[PDB]
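Participant: Protein chains in written order, with PDB author numbering: chain B, 1837 to 2260; chain A, 1555 to 2542; chain G, 1 to 5; chain K, 1 to 5; chain L, 1 to 5; chain I, 1 to 6.
The beta carbon of each residue, even a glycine, is placed where N, CA and C say it ideally should be.
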Amino acid sequence: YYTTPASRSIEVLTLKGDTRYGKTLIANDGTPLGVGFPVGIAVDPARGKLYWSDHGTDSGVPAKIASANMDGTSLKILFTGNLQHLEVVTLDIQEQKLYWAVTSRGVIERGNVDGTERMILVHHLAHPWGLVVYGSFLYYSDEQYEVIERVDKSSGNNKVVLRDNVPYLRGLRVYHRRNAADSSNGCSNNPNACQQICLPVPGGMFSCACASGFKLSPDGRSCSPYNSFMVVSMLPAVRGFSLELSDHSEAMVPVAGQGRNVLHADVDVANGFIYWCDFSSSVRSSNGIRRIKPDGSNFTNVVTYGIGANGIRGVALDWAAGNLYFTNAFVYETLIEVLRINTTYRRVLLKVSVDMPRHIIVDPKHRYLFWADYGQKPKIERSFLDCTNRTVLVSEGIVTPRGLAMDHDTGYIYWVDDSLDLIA
Amino acid sequence: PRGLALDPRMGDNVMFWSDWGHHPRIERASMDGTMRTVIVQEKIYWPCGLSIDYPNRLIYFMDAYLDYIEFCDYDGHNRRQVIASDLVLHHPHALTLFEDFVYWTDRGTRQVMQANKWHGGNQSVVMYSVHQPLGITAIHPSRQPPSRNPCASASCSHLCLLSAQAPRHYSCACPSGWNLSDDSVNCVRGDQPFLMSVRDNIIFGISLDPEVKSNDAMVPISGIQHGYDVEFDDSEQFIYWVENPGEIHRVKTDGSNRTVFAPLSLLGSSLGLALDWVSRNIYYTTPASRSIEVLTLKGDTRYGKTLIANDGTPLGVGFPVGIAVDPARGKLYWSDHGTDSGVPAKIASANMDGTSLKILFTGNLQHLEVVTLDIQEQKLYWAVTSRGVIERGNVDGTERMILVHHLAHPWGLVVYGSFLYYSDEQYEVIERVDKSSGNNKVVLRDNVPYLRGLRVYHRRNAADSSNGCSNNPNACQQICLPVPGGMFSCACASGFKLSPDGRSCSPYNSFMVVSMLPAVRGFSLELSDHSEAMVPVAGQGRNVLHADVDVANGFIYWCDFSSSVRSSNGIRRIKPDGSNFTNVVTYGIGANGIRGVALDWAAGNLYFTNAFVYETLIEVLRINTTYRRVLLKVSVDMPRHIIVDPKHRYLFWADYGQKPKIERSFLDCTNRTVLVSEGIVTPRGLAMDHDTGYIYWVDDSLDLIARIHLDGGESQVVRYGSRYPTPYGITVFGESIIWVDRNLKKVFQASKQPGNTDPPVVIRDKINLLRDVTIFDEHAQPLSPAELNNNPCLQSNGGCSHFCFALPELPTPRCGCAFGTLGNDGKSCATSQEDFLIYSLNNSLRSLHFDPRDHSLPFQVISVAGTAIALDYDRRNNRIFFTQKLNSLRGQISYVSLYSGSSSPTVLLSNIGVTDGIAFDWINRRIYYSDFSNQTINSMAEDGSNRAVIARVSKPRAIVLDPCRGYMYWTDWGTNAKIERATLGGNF
Amino acid sequence: XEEXX
Amino acid sequence: XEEXX
Amino acid sequence: XXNXX
Amino acid sequence: XXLXXX
Ligand SMILES: *[C@@H]1O[C@H](CO)[C@@H](O)[C@H](O[C@@H]2O[C@H](CO)[C@@H](O[C@@H]3O[C@H](CO[C@H]4O[C@H](CO)[C@@H](O)[C@H](O)[C@@H]4O)[C@@H](O)[C@H](O[C@H]4O[C@H](CO)[C@@H](O)[C@H](O)[C@@H]4O)[C@@H]3O)[C@H](O)[C@H]2NC(C)=O)[C@H]1NC(C)=O
Ligand SMILES: *[C@@H]1O[C@H](CO)[C@@H](O[C@@H]2O[C@H](CO)[C@@H](O[C@@H]3O[C@H](CO[C@H]4O[C@H](CO)[C@@H](O)[C@H](O)[C@@H]4O)[C@@H](O)[C@H](O[C@H]4O[C@H](CO)[C@@H](O)[C@H](O)[C@@H]4O)[C@@H]3O)[C@H](O)[C@H]2NC(C)=O)[C@H](O)[C@H]1NC(C)=O
Ligand SMILES: *[C@@H]1O[C@H](CO)[C@@H](O[C@@H]2O[C@H](CO)[C@@H](O[C@@H]3O[C@H](CO[C@H]4O[C@H](CO)[C@@H](O)[C@H](O)[C@@H]4O)[C@@H](O)[C@H](O[C@H]4O[C@H](CO)[C@@H](O)[C@H](O)[C@@H]4O)[C@@H]3O)[C@H](O)[C@H]2NC(C)=O)[C@H](O)[C@H]1NC(C)=O
Ligand SMILES: *[C@@H]1O[C@H](CO)[C@@H](O)[C@H](O[C@@H]2O[C@H](CO)[C@@H](O)[C@H](O)[C@H]2NC(C)=O)[C@H]1NC(C)=O
Ligand SMILES: *[C@@H]1O[C@H](CO)[C@@H](O[C@@H]2O[C@H](CO)[C@@H](O)[C@H](O)[C@H]2NC(C)=O)[C@H](O)[C@H]1NC(C)=O
Ligand SMILES: *[C@@H]1O[C@H](CO)[C@@H](O[C@@H]2O[C@H](CO)[C@@H](O)[C@H](O)[C@H]2NC(C)=O)[C@H](O)[C@H]1NC(C)=O
Ligand SMILES: *[C@@H]1O[C@H](CO)[C@@H](O)[C@H](O)[C@H]1NC(C)=O
Ligand SMILES: *[C@@H]1O[C@H](CO)[C@@H](O)[C@H](O)[C@H]1NC(C)=O
Ligand SMILES: *[C@@H]1O[C@H](CO)[C@@H](O)[C@H](O)[C@H]1NC(C)=O
Ligand SMILES: *[C@@H]1O[C@H](CO)[C@@H](O)[C@H](O)[C@H]1NC(C)=O
Ligand SMILES: *[C@@H]1O[C@H](CO)[C@@H](O)[C@H](O)[C@H]1NC(C)=O
Ligand SMILES: [Ca+2]
Ligand SMILES: [Ca+2]
Ligand code: NI
Ligand code: NI
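#1: Look at the Cβ atom of residue 1633 of chain A, then the Cβ atom of residue 1624 of chain A, and state whether they are nearer than 8 Å.
#2: Taking 7 Å as the cut-off, is the beta-carbon of residue 1926 of chain B closer than that to any non-hydrogen atom of ligand 14?
#3: With burial defined as no fewer than 16 other Cβ atoms inside 10 Å of the residue's Cβ, what is the status of residue 1596 of chain A: buried or exposed?
#4: Determine whether the beta carbon atoms of residue 2155 of chain A and residue 2200 of chain A lie at a separation below 8 Å.
#5: Report back the beta-carbon spacing between residue 1847 of chain B and residue 1861 of chain B to the nearest angstrom; my notes put them in contact at under 8 Å.
#6: According to DSSP, is residue 2121 of chain A part of a helix, a strand, or is it coil?
#7: In chain I, which residues lie with their C-beta within 9 Å of the C-beta of residue 1600 of chain A?
#8: Whole beta strand (DSSP E) runs in the segment 1909 to 1991 of chain B with 3 or more residues, listed along the chain?
#9: Please list, in chain order, all residues of the same chain as residue 2031 of chain B whose beta carbon is under 8 Å from its beta carbon, the five residues on each side excluded.
#10: Would a check of beta-carbon distances place residue 2257 of chain A closer than 8 Å to chain B?
#11: Can the beta-carbon of residue 1824 of chain A be found less than 8 Å from the beta-carbon of residue 1839 of chain A?
#12: So, at 7 Å on beta carbons, what are the nonlocal neighbours of residue 1940 of chain A in its own chain, with the 5 sequence-adjacent residues on each side left out?
#13: Would you list, in sequence order, the uninterrupted alpha helix (DSSP H) runs of no fewer than 4 residues that lie entirely inside the segment 1673 to 1740 of chain A?
#14: Looking at residue 2227 of chain B: is its Cβ nearer than 8 Å to the Cβ of residue 2210 of chain B?
#15: Residues in the same chain with beta-carbon distance under 6 Å from residue 1914 of chain A, minus the five sequence neighbours each way, listed in chain order, please.
#16: So, is residue 1888 of chain A buried or exposed, given that buried needs 16 or more other C-beta atoms within 10 angstroms?
#17: Mind checking who residue 1797 of chain A pairs with in its DSSP beta bridge?
#18: I want to check one thing, is the minimum distance from the CB of residue 1801 of chain A to the heavy atoms of ligand 15 below 7 Å?
#19: Using a Cβ cut-off of 8 Å, which residues of the segment 2090 to 2120 of chain A contact any Cβ in chain K, in chain order?
#20: Around ligand 9, what residues have a beta-carbon under 5 Å from a heavy atom of it, in chain order?
#21: Using the three-state DSSP reduction, which class does residue 2023 of chain B fall into: helix, strand or coil?
#22: In this structure, what does DSSP give as the bridge partners for residue 1611 of chain A?
#23: Buried or exposed: which applies to residue 2363 of chain A, given that a residue is buried once 16 or more other Cβ atoms fall within 10 Å of its Cβ?
#24: When burial is assigned at 16 or more other CB atoms within 10 Å of the CB, is residue 1930 of chain A buried or exposed?
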């Protein structure tokens, strides 16, 4: 188990078989019960409990010590309060007590796993970066004192210095003979039960889990690709989330890495492809349209030639005819182009200098094409699928519309307007 | 809005402007702005550069996107194109007219062009510019046609604007913040309040009426670097705000008298502002130095005092954010972020004199914001970004409750009247809400980026809120501070202490000197006093390693260091109140800078250590004199921190080199004994108590603070353990030791006696890059012979000429000689009269003994013009002949007498050139020199006459001669380099 | 250009 | 070769 | 380098 | 060139 503050999630990775499977367990949702900024993590395999120390988020999660099942299905807040600048959390599995370091108060605290009996063990510390409990002693490292010290686990008395004048001290752990037979759980009692990931839960049971981009089949043992998820696109990456809010797993292998400056994204459900457009104002290679499977395979550059200085500004796939409408923007003029998927055919359907279509959507059900303009004459414009018989749907009360959506069941056009702060 | 044109002729009185926002258009209006009309709104994308053809009454306009130049009548009906579908236009900006030509500037081609105004023909380039030409105008009387002025008979009080209205053709107006009176000719100042909303780079004045969107309650304050807070004084109509370098700026509401008012702090940039309008003082926070300080506004000369500082206690300043003051009640309030192992995040209160610190509210307060005060209701309001709420509480610390919630990032907060105003940096909104339970939400502004703090400008009567300082003007010499109960406590600026009168100020005479890499600072030895006991030595070029003091003369000596800039290395001195900044030692500083400074107050001798790459020197400089002498020169050892003690007449220094030790020696660095050599690795600082004679030193490698008696013997441990990681400097005052710790960023104080276990008490906390500590007190530097064991150097330097060195058990001092040899009387100095060595160094002549162990200079450095190159000595007259090289083309031969007697160099021959060799014939009294520029060896008489040529060689150098055998030798370093021999006449 | 980050 | 900052 | 002064 | 002057 490992925490990634950059993605603000707690993830699990298997190291049993030949193929590595990874999954996100708890993610930063709106509620305080989620993950704000995970620092440390401790596990109790015999009881299926997971503990982590969390900083707060503004108006969201408070700085706290939290507990959850190792499959992440039961969040809980154990201790909150004077926990500014929390350090890593370590668990004494024998006595079932948690130990934390609070840098702001310079203390090491202790508390039970059920959220009771919080109390201060060691005082007058400077920066207790790491700590670990083994046997009857507690070992901690202080980054500013540059010391590694051993104290009793029941009280900060009987202090003993192990090392001193050592710079850049960090977390600590004790390599010892942890036995996989004295502590057992559902996953150990039932090997090779789940296809990809087995995660123990309290009560000696176990719950199967699947890698990112996969979800449990109704049999409870197998994995299948995600069928219904949202595709959220940002500049550094493209990520997918389940449409039912209880599941924090990444419903899609995140498209990220070097060269990603994703502006917009679109999906091809039947063929199982996600299309996105990269944009770079400096590098001409990082401009174009690319596609990938939701599971991370079969990467392909779709459009790479003829992109203007302002780059591709919108992509909309016609899933019925296999046409990919996109908007190619230049310094003083804008193009609307069609590319037929798995063909070399490509043509321009409209060139406009005064207008500037930016975000485009297509509706094969009604055979219409809609784009949003935020130039000197902001408007929402509709045309046929060949961009030939144009009309203006909204022309007043609209400034910088940078998003469109179609209902497909009520026939309404939804758009977001960030200059007037409304959704209409 | 970009374009602008005018037609002030009596008939028209109209103004034209162009806007290139969404829905671009060109508008016409009357000169008073009444009859607004859009004339052209079709076939325009980027309008710019309007200009009016007065005889034809046409308005010329330009588009940088569609790339055309057009004109139309005043209604826009008869549009024509003069330049269209033409590739000359790339990005035209401005336009002007004259006769039958139009001149425009192009930002794409960066050139000014000319064309016919009717059809665009005869295009030509007027001039090419390396930069983009923005504005253009044609100055001629034809461009300003005369007309009748209807405002001549007008009686408008402030502004008479022309108008297109027929009956009068003028209209009265008045500036921002004024009312048009019912008589419609006079204007009166509007006394209504308005809200100042400071942004990242600008401060705006907006009305409290949410339906008014003009943002013109006052002239905006542009040019703000990093705006966080703003402050006002309703009387005198001044607005105040801070700036990055540590200054406060001031401007009136009408936009005039913008100026830099006073410098705030030398240690960093201020964050918050609070103004006492009754006593005329302003309180501000300095998060860099973690202190709250006050500046005086009343008088002509500014006075500043640090009220509250970070002393490590919970009742103190951790990281102050915003201040609110109650002048009538005498209380000051501030919101504080916490510090690690120190002050918590809290809302705290204090009297406006810095006393009676109190903690009001603590708890869920992460990412605190500015606090504000409702003086009438006596309640505090603050924002908590980490929870997105606005909270309210009584000033006594009770009834804390949440008022507004579900905010994103509150940044501004002010409560006036019956409403609460807050600016949310996210949501980009300024919003008003009732102070009673936070209902009836109203939006004033939205879509405004970079929102910051808020404040309401309103008229405050100091007469209805008088306090002690207003009831007693001129009671305090420098600063008056109100105190609860109607009392007042006088105060003094930083560096001064209050006299026993309680009304007068005197300079500090007992304080500690703390030196850090960024600055040198002073703190009073009375721990309750958070004021700065010295004007901080901070600024560009400051990199301080050690500091020393001269209590009797009132000076602080410190040594700067830099491994990149050579000129920023040396020894400087300054008065504790500023005043006489001075450079003490600047020449000859080694590659490593000055590593220690020791001042002998009895003799006036300054001991310092300069370190070269593979050696180090210990040197004495006598204060206020040019006498400098090297005492000890070592390579295997490296003295770093040196202390002097006139009472026992000893020198001590730490080494921490490859063989760490603490050494002891006389005042002339002789009789070097080793005190401690075992159990020592990195001693970084020495100290002494004059009344007990114990050497106190610190060692961060062993985390040790230990002491040893001046006579040697056992080393006693004073402080030991992992809780003292990096003790860098130490001093002893009274019964306590005071040391600085770099890792803990604290100045500690603890008992000097070994074996004590009481925890040290923190003087100051969170100070970066601590280097040393030093006590500035009379008791630390006594001068009476009774306690200095009758030091002979007290009585007029002990009668010595250059240096006075007293010996521990002798009644007479050993006089030291900076240059020359000590005389027979044992006190005077004269020229060596021995065999020694001389050489040239740039523009000077320097001497050197043959003994490497002798550091005395045979004679003082002789300064010359140009660059001395070659030397030779005449025994008979005790003169040295030397060449000077000037401007690489000319040279001189000059001599200076070694008899001294105020002798100065004088020239024997000029206009030679580069001359790199001299040899004097002691028999025939002729000077032989090698003219390199003219490529010959020449010989002249001793008086400089009858010069003759010896021979012509390619590149001569290094002439030697032997008159007893009539041969001269020289070296030619040109092609086929060789050593040539010729007779003194140049033959053979 | 709008978003090049 | 010794201190700075 | 250069064999100057 | 951007038509904004700043
Ligand atoms: C354009 O070129 C790109 C270049 O790569 C092509 O990707 C794309 O061609 C292909 O488009 C077809 C559309 O049908 C895709 O086939 C479908 O794949 C589905 C996923 O298959 C996976 O999972 C199933 C689970 O049962 C498994 O059996 C497969 O072995 C595989 O692991 C699949 O579910 C779907 O099946 C439906 O249709 C079948 C038709 O024979 C039926 O038999 C079946 O019962 C079901 O109704 C279908 O096979 C294909 O993935 C895709 N190519 C690739 C490599 O992904 C080209 N098309 C365009 C225009 O995008
Ligand atoms: C210069 O021009 C401006 C614009 O006309 C004038 O500003 C107005 O002046 C009046 C009188 O000073 C202000 O009226 C006061 O409003 C207070 C509450 O303000 C809120 O509600 C008003 C609407 O009622 C809003 O406009 C405002 O934005 C706020 O939302 C009241 O509390 C005041 O009442 C007090 O005085 C009255 C009369 O004595 C008492 O009966 C009350 O008990 C109380 O003491 C008062 O009604 C008005 O708010 C101002 N508007 C603006 C723009 O702020 C200046 O008056 C004018 N100056 C000159 C010299 O001509
Ligand atoms: C190298 O050269 C520098 C100058 O460049 C010398 O620095 C001077 O040192 C003298 C030391 O005496 C300083 O003079 C002293 O100033 C004290 C403060 O004066 C203020 O306060 C008094 C009392 O209110 C006022 O009268 C006065 O106007 C000032 O406002 C005085 O308290 C001292 O007085 C004592 O000594 C004098 C004789 O000097 C007696 O007449 C008095 O009775 C009393 O005993 C004294 O006047 C002077 O200020 C320094 N000047 C500068 C520019 O800093 C260094 O001393 C010198 N180096 C060495 C090592 O000598
Ligand atoms: C070295 O000698 C040259 C020639 O005599 C002399 O110019 C330098 O002294 C100073 O140099 C400065 C930089 O050019 C100049 O500003 C200053 O006027 C000059 N002083 C005199 C007397 O002319 C000498 N420099 C050094 C480093 O010793
Ligand atoms: C300015 O431009 C006009 C054309 O707009 C020039 O007038 C023409 O000049 C040529 C050469 O002499 C004649 O053959 C034509 O008959 C003229 N008329 C036109 C309308 O073409 C004029 O010479 C130019 N003047 C200058 C000084 O540049
Ligand atoms: C604000 O600036 C103005 C203009 O400098 C000052 O007004 C006059 O300034 C001139 C030149 O200094 C003086 O000779 C006049 O005596 C000033 N007249 C008045 C009425 O003051 C004004 O003094 C400045 N005000 C402040 C407080 O800064
Ligand atoms: C897609 O990826 C799979 C797995 O790497 C590979 O076997 C298949 O050949 C790829 N298909 C294409 C069209 O490249
Ligand atoms: C499409 O444009 C044609 C003219 O070419 C017009 O007659 C018709 O009304 C338009 N159709 C729709 C659906 O608006
Ligand atoms: C020191 O500064 C004071 C005040 O500026 C000045 O009067 C005095 O002449 C200065 N003395 C010296 C020697 O620099
Ligand atoms: C000091 O040095 C002198 C000369 O070497 C020597 O005679 C004497 O014993 C030494 N010790 C003292 C402190 O006099
Ligand atoms: C050397 O050469 C020229 C020519 O003989 C002579 O006039 C000059 O004075 C000499 N030195 C210089 C300055 O070149
Ligand atoms: Ca253009
Ligand atoms: Ca250490
Ligand atoms: Ni930490
Ligand atoms: Ni903030």
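Facilitator: In short, the structure shows the following:
#1: For the purposes of this step, residue 1633 of chain A is identified with residue 79 of the second sequence, where counting begins at 1. For the purposes of this step, residue 1624 of chain A is identified with residue 70 of the second sequence, where counting begins at 1. Contact flag set, yes.
#2: Residue mapping note: residue 1926 of chain B aligns to position 90 of the first sequence, counting from 1. In this structure, residue 1926 of chain B has its beta carbon at no less than 7 Å from each heavy atom of ligand 14.
#3: Sequence index remark: in the second sequence, residue 1596 of chain A carries index 42 (1-based). Looking at its Cβ environment, which holds fewer than 16 other Cβ atoms inside 10 Å, residue 1596 of chain A is exposed.
#4: On the second sequence, position 601 is the one that residue 2155 of chain A refers to. On the second sequence, position 646 is the one that residue 2200 of chain A refers to. Going by C-beta atoms, residue 2155 of chain A is nearer than 8 Å to residue 2200 of chain A.
#5: As a first step, residue 1847 of chain B must be located in the first sequence, where it is residue number 11. As a first step, residue 1861 of chain B must be located in the first sequence, where it is residue number 25. Contact flag correct, Cβ pair sits at about 6 Å.
#6: In the second sequence, counting from the first residue as 1, residue 2121 of chain A sits at position 567. Three-state DSSP puts residue 2121 of chain A in a helix.
#7: The sequence position of residue 1600 of chain A within the second sequence is 46, counting from 1. What residue 1600 of chain A touches in chain I: 3.
#8: 1912 to 1916, 1922 to 1928, 1933 to 1938, 1943 to 1948, 1955 to 1958, 1964 to 1970, 1973 to 1978, 1983 to 1988
#9: What you label residue 2031 of chain B is simply residue 195 of the first sequence in a count that begins at 1. Hits under 8 Å: 2044, 2046, 2057, 2058, 2059.
#10: Within the second sequence, the letter at position 703 stands for residue 2257 of chain A. For residue 2257 of chain A, at least one C-beta of chain B is nearer than 8 Å to its own C-beta.
#11: The sequence position of residue 1824 of chain A within the second sequence is 270, counting from 1. The sequence position of residue 1839 of chain A within the second sequence is 285, counting from 1. In contact: residue 1824 of chain A and residue 1839 of chain A (Cβ atoms closer than 8 Å).
#12: In the second sequence, the residue the question calls residue 1940 of chain A occupies position 386. Cβ neighbours of residue 1940 of chain A beyond the five flanking positions: 1920, 1921.
#13: none
#14: As a working note, residue 2227 of chain B is residue 391 in the first sequence. As a working note, residue 2210 of chain B is residue 374 in the first sequence. Not in contact: residue 2227 of chain B and residue 2210 of chain B (Cβ atoms no closer than 8 Å).
#15: For the purposes of this step, residue 1914 of chain A is taken as residue 360 along the second sequence, with counting starting at 1. Around residue 1914 of chain A: 1901, 1903, 1951.
#16: Counting from one through the second sequence, the residue named residue 1888 of chain A turns up at place 334. Answer is buried; the Cβ neighbour count reaches 16.
#17: Here residue 1797 of chain A refers to the residue found at position 243 when the second sequence is read from its first residue. Residue 1797 of chain A is bridged to A:1801.
#18: Position 247 of the second sequence, counted from the first residue, corresponds to residue 1801 of chain A. Answer for residue 1801 of chain A: no, Cβ out of range of ligand 15.
#19: Listed by position, the residues of the segment 2090 to 2120 of chain A near chain K (Cβ gap below 8 Å) are 2097, 2099, 2115, 2116, 2117.
#20: A:2133, A:2134
#21: Position 187 of the first sequence, counting from 1, holds the residue named residue 2023 of chain B. Looking at residue 2023 of chain B - three-state DSSP - the assignment turns out to be helix.
#22: By 1-based counting over the second sequence, the position of residue 1611 of chain A is 57. DSSP output for residue 1611 of chain A lists no bridge partner at all.
#23: The residue labelled residue 2363 of chain A in the question sits at position 809 within the second sequence. Looking at its Cβ environment, which holds fewer than 16 other Cβ atoms inside 10 Å, residue 2363 of chain A is exposed.
#24: As a position in the second sequence, residue 1930 of chain A is number 376, starting the count at 1. It is exposed - the Cβ of residue 1930 of chain A has fewer than 16 other Cβ atoms within 10 Å.
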